[PDB]
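Participant: Quick one: this structure, given as structure tokens, is what I'll be asking you about.
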Amino acid sequence: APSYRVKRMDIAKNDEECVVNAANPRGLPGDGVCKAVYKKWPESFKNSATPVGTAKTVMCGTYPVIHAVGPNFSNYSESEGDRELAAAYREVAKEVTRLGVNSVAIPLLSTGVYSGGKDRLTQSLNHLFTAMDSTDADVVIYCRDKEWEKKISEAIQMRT
Ligand SMILES: O=C(O)c1ccnc(=O)[nH]1
């Protein structure tokens, strides 16, 4: 029976069969979060460039890295941002299904340096749910803040 779980820890130490990288459209290593993914799976960044609102899988050996590019809300309108953030998660669902994996480690896209200084926990998480509800993979959501862990954990609780 496929579950959603949340873990407050480095996504680069996930124990799922694949990872989603919160990526930039240039396929650049990045800093903070993407840096952890670059350091862990540097060969997954070969031709990882993909436009905003898309996802691209690059294998690191047999381990799939799904580069998913949420919008930078600094650059987008609230309405266009929202559209691009929905589409990014939909492309993630498609890659997870295509790969036939049983589990996936996923961050909340567009909630860090791409949030345009706003709190987007509920926006990002609902788009994730919309996309991943139609898949049969175990989903493990990774976050850093304890407050965020609690809020995500409750949003999971109150749909079961
Ligand atoms: O702000 C973020 O967490 C983020 C950085 C890069 N790509 C994203 O989808 N999101």
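In the structure tokens, chains take letters A, B, ... by order of appearance, with residues numbered from 1 within each chain and ligands from 1 in the order shown.
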Throw together the list of residues within 10 Å of ligand 1, counting only C-alpha atoms and all ligand atoms, and drop it here as a ChimeraX atom specification.
Facilitator: /A:20-25,30-34,52-55,67-73,84-85,88-89,107-117,120,124,143
Participant: Would you mind writing down, as a PyMOL selection string, each residue of chain A that DSSP on the backbone assigns to strand (DSSP E or B)?
Facilitator: chain A and resi 4-8+19-22+55-60+63-68+103-107+138-143
Participant: With N, CA, C and O atoms retained, could you export that selection as a short mmCIF file (atom, residue, chain, number, x, y, z; two decimals), in the first residue's frame?
Facilitator:
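Writing done, so here's part-v2.cif:
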data_model
loop_
_atom_site.label_atom_id
_atom_site.label_comp_id
_atom_site.auth_asym_id
_atom_site.auth_seq_id
_atom_site.Cartn_x
_atom_site.Cartn_y
_atom_site.Cartn_z
N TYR A 4 2.68 8.23 1.72
CA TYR A 4 3.45 9.48 1.86
C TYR A 4 4.04 9.46 3.26
O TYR A 4 3.31 9.14 4.20
N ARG A 5 5.32 9.78 3.37
CA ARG A 5 6.02 10.02 4.64
C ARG A 5 6.81 11.31 4.47
O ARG A 5 7.04 11.69 3.31
N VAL A 6 7.26 11.90 5.58
CA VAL A 6 8.14 13.10 5.58
C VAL A 6 9.31 12.83 6.52
O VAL A 6 9.11 12.24 7.58
N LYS A 7 10.49 13.30 6.14
CA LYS A 7 11.73 13.11 6.89
C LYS A 7 12.42 14.46 6.90
O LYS A 7 12.48 15.10 5.85
N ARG A 8 12.82 14.91 8.08
CA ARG A 8 13.63 16.13 8.27
C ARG A 8 15.10 15.70 8.22
O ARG A 8 15.63 15.34 9.27
N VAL A 19 15.70 9.87 -6.59
CA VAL A 19 15.66 11.22 -5.96
C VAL A 19 15.16 12.23 -7.00
O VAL A 19 15.47 12.09 -8.18
N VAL A 20 14.41 13.22 -6.53
CA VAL A 20 14.11 14.45 -7.29
C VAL A 20 15.08 15.55 -6.84
O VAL A 20 15.09 15.84 -5.67
N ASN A 21 15.83 16.13 -7.76
CA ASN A 21 16.68 17.31 -7.53
C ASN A 21 15.81 18.56 -7.76
O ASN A 21 15.19 18.67 -8.84
N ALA A 22 15.73 19.44 -6.78
CA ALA A 22 15.15 20.80 -6.98
C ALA A 22 16.14 21.60 -7.84
O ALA A 22 17.13 22.07 -7.33
N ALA A 55 10.72 18.27 -15.98
CA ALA A 55 11.62 17.39 -15.23
C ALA A 55 12.38 16.53 -16.24
O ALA A 55 11.80 16.14 -17.27
N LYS A 56 13.62 16.23 -15.91
CA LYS A 56 14.52 15.42 -16.75
C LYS A 56 15.29 14.46 -15.87
O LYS A 56 15.99 14.91 -14.91
N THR A 57 15.23 13.19 -16.23
CA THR A 57 15.91 12.12 -15.48
C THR A 57 17.30 11.90 -16.08
O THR A 57 17.37 11.65 -17.29
N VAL A 58 18.34 11.90 -15.25
CA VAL A 58 19.69 11.48 -15.68
C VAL A 58 20.13 10.39 -14.70
O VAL A 58 19.97 10.61 -13.48
N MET A 59 20.59 9.25 -15.22
CA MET A 59 21.02 8.09 -14.38
C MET A 59 22.37 8.42 -13.76
O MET A 59 23.22 8.98 -14.45
N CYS A 60 22.54 8.10 -12.50
CA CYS A 60 23.89 8.07 -11.88
C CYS A 60 24.16 6.59 -11.58
O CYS A 60 23.55 6.04 -10.67
N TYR A 63 21.10 4.60 -10.65
CA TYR A 63 20.25 5.34 -9.69
C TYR A 63 19.70 6.59 -10.38
O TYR A 63 20.47 7.46 -10.77
N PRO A 64 18.37 6.68 -10.61
CA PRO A 64 17.80 7.82 -11.35
C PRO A 64 17.78 9.11 -10.52
O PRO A 64 17.29 9.10 -9.39
N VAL A 65 18.32 10.19 -11.07
CA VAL A 65 18.10 11.56 -10.50
C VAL A 65 17.11 12.29 -11.41
O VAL A 65 17.44 12.49 -12.59
N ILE A 66 15.97 12.69 -10.86
CA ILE A 66 14.93 13.47 -11.59
C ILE A 66 15.14 14.95 -11.29
O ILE A 66 14.91 15.40 -10.13
N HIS A 67 15.64 15.69 -12.27
CA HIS A 67 15.85 17.12 -12.13
C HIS A 67 14.54 17.79 -12.44
O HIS A 67 14.09 17.77 -13.55
N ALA A 68 13.95 18.42 -11.45
CA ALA A 68 12.61 19.02 -11.58
C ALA A 68 12.80 20.52 -11.37
O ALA A 68 13.45 20.93 -10.41
N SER A 103 9.65 3.64 -5.04
CA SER A 103 9.75 4.77 -4.09
C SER A 103 10.58 5.91 -4.69
O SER A 103 11.40 5.66 -5.61
N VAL A 104 10.35 7.12 -4.17
CA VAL A 104 10.98 8.39 -4.66
C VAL A 104 11.10 9.34 -3.47
O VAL A 104 10.11 9.45 -2.68
N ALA A 105 12.27 9.96 -3.33
CA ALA A 105 12.59 11.05 -2.40
C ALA A 105 12.37 12.39 -3.10
O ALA A 105 12.91 12.61 -4.20
N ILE A 106 11.56 13.26 -2.51
CA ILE A 106 11.12 14.50 -3.20
C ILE A 106 11.18 15.66 -2.22
O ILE A 106 10.71 15.50 -1.09
N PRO A 107 11.77 16.82 -2.63
CA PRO A 107 11.74 18.04 -1.85
C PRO A 107 10.45 18.78 -2.24
O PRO A 107 9.86 18.42 -3.28
N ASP A 138 5.87 4.64 -3.18
CA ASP A 138 6.06 5.27 -1.86
C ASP A 138 6.73 6.63 -2.06
O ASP A 138 7.72 6.68 -2.80
N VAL A 139 6.21 7.67 -1.43
CA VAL A 139 6.75 9.05 -1.57
C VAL A 139 7.29 9.48 -0.21
O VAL A 139 6.55 9.44 0.79
N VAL A 140 8.55 9.86 -0.17
CA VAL A 140 9.18 10.37 1.06
C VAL A 140 9.57 11.82 0.78
O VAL A 140 10.38 12.07 -0.16
N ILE A 141 8.95 12.73 1.51
CA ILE A 141 9.16 14.19 1.35
C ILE A 141 10.26 14.59 2.31
O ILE A 141 10.24 14.15 3.49
N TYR A 142 11.22 15.35 1.84
CA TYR A 142 12.40 15.74 2.65
C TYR A 142 12.31 17.24 2.92
O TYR A 142 11.95 17.98 1.98
N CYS A 143 12.55 17.64 4.17
CA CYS A 143 12.55 19.07 4.59
C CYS A 143 13.64 19.27 5.63
O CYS A 143 14.25 18.25 6.06
#
Participant: For region 127-131 of chain A, list every protein, DNA or RNA residue within 6 Å, evaluated using only C-alpha atoms, and leave out those in the same chain fewer than 2 positions away; present the list as a ChimeraX atom specification.
Facilitator: /A:86,89-90,93,124-125,133
Participant: For the atom pair CA of residue 97 (chain A) and CA of residue 137 (chain A), what is the interatomic distance in Å to one decimal place?
Facilitator: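 Atom-to-atom, CA of residue 97 (chain A) to CA of residue 137 (chain A), that is 8.1 Å.
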Participant: Within chain A, find each residue whose DSSP state, derived from the backbone, is helix (DSSP H, G or I), and express the selection as an NGL selection string.
Facilitator: :A and (11-13 or 33-40 or 42-45 or 78-99 or 121-132 or 146-157)
Participant: Could you write those residues out with C-alpha atoms, as a PDB file, in the first residue's frame?
Facilitator:
ATOM      1  CA  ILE A  11      17.652  14.274   0.716  1.00  0.00           C
ATOM      2  CA  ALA A  12      21.185  13.199  -0.489  1.00  0.00           C
ATOM      3  CA  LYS A  13      21.034  10.446   2.253  1.00  0.00           C
ATOM      4  CA  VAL A  33      20.161  21.918  -1.350  1.00  0.00           C
ATOM      5  CA  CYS A  34      21.094  21.228  -5.069  1.00  0.00           C
ATOM      6  CA  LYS A  35      24.734  21.298  -3.841  1.00  0.00           C
ATOM      7  CA  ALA A  36      24.064  18.197  -1.681  1.00  0.00           C
ATOM      8  CA  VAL A  37      22.596  16.451  -4.780  1.00  0.00           C
ATOM      9  CA  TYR A  38      25.550  17.605  -6.975  1.00  0.00           C
ATOM     10  CA  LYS A  39      28.032  16.342  -4.415  1.00  0.00           C
ATOM     11  CA  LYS A  40      26.249  13.009  -4.066  1.00  0.00           C
ATOM     12  CA  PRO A  42      27.732  14.697  -9.835  1.00  0.00           C
ATOM     13  CA  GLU A  43      27.504  12.540 -13.063  1.00  0.00           C
ATOM     14  CA  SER A  44      23.648  13.051 -12.999  1.00  0.00           C
ATOM     15  CA  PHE A  45      24.372  16.728 -13.975  1.00  0.00           C
ATOM     16  CA  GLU A  78       1.659  34.409  -8.776  1.00  0.00           C
ATOM     17  CA  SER A  79      -0.663  32.886 -11.420  1.00  0.00           C
ATOM     18  CA  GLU A  80       2.112  31.906 -13.945  1.00  0.00           C
ATOM     19  CA  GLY A  81       4.360  30.723 -11.064  1.00  0.00           C
ATOM     20  CA  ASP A  82       1.502  28.491  -9.820  1.00  0.00           C
ATOM     21  CA  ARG A  83       0.964  26.992 -13.339  1.00  0.00           C
ATOM     22  CA  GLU A  84       4.748  26.210 -13.724  1.00  0.00           C
ATOM     23  CA  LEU A  85       4.958  24.687 -10.180  1.00  0.00           C
ATOM     24  CA  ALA A  86       1.937  22.366 -10.932  1.00  0.00           C
ATOM     25  CA  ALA A  87       3.494  21.279 -14.279  1.00  0.00           C
ATOM     26  CA  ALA A  88       6.943  20.508 -12.712  1.00  0.00           C
ATOM     27  CA  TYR A  89       5.309  18.022 -10.257  1.00  0.00           C
ATOM     28  CA  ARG A  90       3.208  16.479 -13.063  1.00  0.00           C
ATOM     29  CA  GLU A  91       6.440  15.814 -15.039  1.00  0.00           C
ATOM     30  CA  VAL A  92       7.933  14.258 -11.867  1.00  0.00           C
ATOM     31  CA  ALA A  93       4.908  11.819 -11.627  1.00  0.00           C
ATOM     32  CA  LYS A  94       5.462  10.912 -15.331  1.00  0.00           C
ATOM     33  CA  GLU A  95       9.233  10.217 -14.800  1.00  0.00           C
ATOM     34  CA  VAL A  96       8.577   8.189 -11.588  1.00  0.00           C
ATOM     35  CA  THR A  97       5.953   6.091 -13.538  1.00  0.00           C
ATOM     36  CA  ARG A  98       8.194   5.705 -16.669  1.00  0.00           C
ATOM     37  CA  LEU A  99      11.115   4.530 -14.412  1.00  0.00           C
ATOM     38  CA  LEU A 121       4.559  24.918   2.038  1.00  0.00           C
ATOM     39  CA  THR A 122       0.817  24.340   1.343  1.00  0.00           C
ATOM     40  CA  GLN A 123       0.958  25.496  -2.303  1.00  0.00           C
ATOM     41  CA  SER A 124       3.961  23.219  -3.158  1.00  0.00           C
ATOM     42  CA  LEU A 125       2.723  20.204  -1.091  1.00  0.00           C
ATOM     43  CA  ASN A 126      -0.816  20.257  -2.674  1.00  0.00           C
ATOM     44  CA  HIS A 127       0.702  20.325  -6.211  1.00  0.00           C
ATOM     45  CA  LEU A 128       2.935  17.375  -5.156  1.00  0.00           C
ATOM     46  CA  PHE A 129      -0.219  15.529  -3.929  1.00  0.00           C
ATOM     47  CA  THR A 130      -2.182  16.365  -7.124  1.00  0.00           C
ATOM     48  CA  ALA A 131       0.667  14.865  -9.213  1.00  0.00           C
ATOM     49  CA  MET A 132       1.749  11.852  -7.071  1.00  0.00           C
ATOM     50  CA  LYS A 146      10.966  20.936  12.225  1.00  0.00           C
ATOM     51  CA  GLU A 147       7.989  23.272  11.909  1.00  0.00           C
ATOM     52  CA  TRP A 148       7.703  22.255   8.235  1.00  0.00           C
ATOM     53  CA  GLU A 149       8.025  18.525   9.115  1.00  0.00           C
ATOM     54  CA  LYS A 150       5.033  18.912  11.567  1.00  0.00           C
ATOM     55  CA  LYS A 151       2.830  20.810   9.030  1.00  0.00           C
ATOM     56  CA  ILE A 152       3.642  18.290   6.206  1.00  0.00           C
ATOM     57  CA  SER A 153       3.103  15.335   8.615  1.00  0.00           C
ATOM     58  CA  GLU A 154      -0.400  16.717   9.543  1.00  0.00           C
ATOM     59  CA  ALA A 155      -1.374  17.380   5.851  1.00  0.00           C
ATOM     60  CA  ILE A 156      -0.507  13.662   5.256  1.00  0.00           C
ATOM     61  CA  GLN A 157      -2.416  12.489   8.429  1.00  0.00           C
TER      62      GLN A 157
END
Participant: One number please: CA of residue 158 (chain A) to CA of residue 2 (chain A), in Å, one decimal.
Facilitator: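 Taking CA of residue 158 (chain A) as the start and CA of residue 2 (chain A) as the end point, the length is 16.0 Å.
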